[PDB]
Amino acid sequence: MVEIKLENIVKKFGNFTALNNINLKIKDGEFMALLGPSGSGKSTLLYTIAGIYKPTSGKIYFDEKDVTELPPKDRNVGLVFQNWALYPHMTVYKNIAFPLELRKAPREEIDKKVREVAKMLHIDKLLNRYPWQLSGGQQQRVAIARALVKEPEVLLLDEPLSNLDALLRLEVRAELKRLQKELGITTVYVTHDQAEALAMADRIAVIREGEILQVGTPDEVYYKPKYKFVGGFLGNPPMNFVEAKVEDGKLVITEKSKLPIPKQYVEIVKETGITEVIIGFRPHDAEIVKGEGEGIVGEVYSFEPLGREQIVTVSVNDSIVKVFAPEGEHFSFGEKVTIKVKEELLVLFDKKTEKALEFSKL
């Protein structure tokens, strides 16, 4: 299918910058997720790829062809809206046919296209039914089938599972990955759901504030976060953060809590003159021990079940962090504990810019 390149795409309605210099290539047949919070520009980017919105500047290529000023009809794209719906007085068949009926396609052609997409989406037994007879899951499949009826080269999905209940969501997301695979259709998938992105996507573009902060495989974006926000948006619970000051070659958190600068950062910190850092560590990368030892010291705040374990929330002066603990242990409120983190699993970020500090790669 189509490889898409976005080259220096900017979208400015006026003074608000919706998209700022978006550079991104989605590969032929790839499932790309656009992951970010509300108002990040993730949906705007999708609408810009579709053609519904026009960039202020920059180019959009589908394969060789510049499609930047082409309207959506000419770009051969399929779009499922976030808040998609089927017409209730139309059968499943007519719901899929209607875009072609409106284009005046001959009936023979329409009937053949619907036959084909219905089978692809596993709805060929429901053609005669009305939406009130279908499940949310079945309805979603019809929505997708209708998006393919004009045989597009890209599938664009703006948080489509947002309609469905959270449990069904879990099944349907794996079924959607299977479909994208068998079609080999280039797919761009907008979501605010980190777990969904990590489970479905080939690559994830983490979007923040009109900007692609990072693009990588699940493993890359999770294990090698380039900015604090990237670390903070993935995992449940996500990466913990504690602010520190570089004082006398240590990372000072509290009057009573400080750590050495990991040896791998000593030259970087020294020659950049960085004094204010953010220490990052994931909840599963640390251990709580009771008492004040050497580590990040704080006080037990709360605890809650998570799976077979508990997630223990610890307050560290201003900040709150979460660390997994055995279900059997009892942590009482205000109890003094030390958080042990192996330095190899510690990410350091500049406070001001939130950029990860990276030493010379081995």
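Counting begins at 1, following the sequence as shown.
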Practice item. With reference to the PDB entry, specify whether the mean Cα temperature factor is higher for 118 to 126 or for 274 to 282. Key: 118 to 126
Exercise for review: Identify the stretch, either 138 to 146 or 179 to 187, whose C-alpha atoms have the larger mean B-factor according to the entry.
Suggested key: 179 to 187
Review point. Can you tell me which of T313, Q310, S43, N317 has the highest Cα temperature factor in the record?
Key: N317
Check your understanding: Comparing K352 with the other modelled residues of its chain, is its CA B-factor in the lowest, middle or highest third?
Key -> lowest
Review point. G231's Cα B-factor: lowest, middle or highest third of the chain?
Key: lowest
Check your understanding: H89: which third of its chain by C-alpha temperature factor?
Key -> lowest
Check your understanding: Going by the entry, which third of its chain does the Cα temperature factor of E247 land in?
Key -> middle
Revision key, fill the gap. Chain-relative C-alpha B factor for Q264 (record values, thirds): the middle
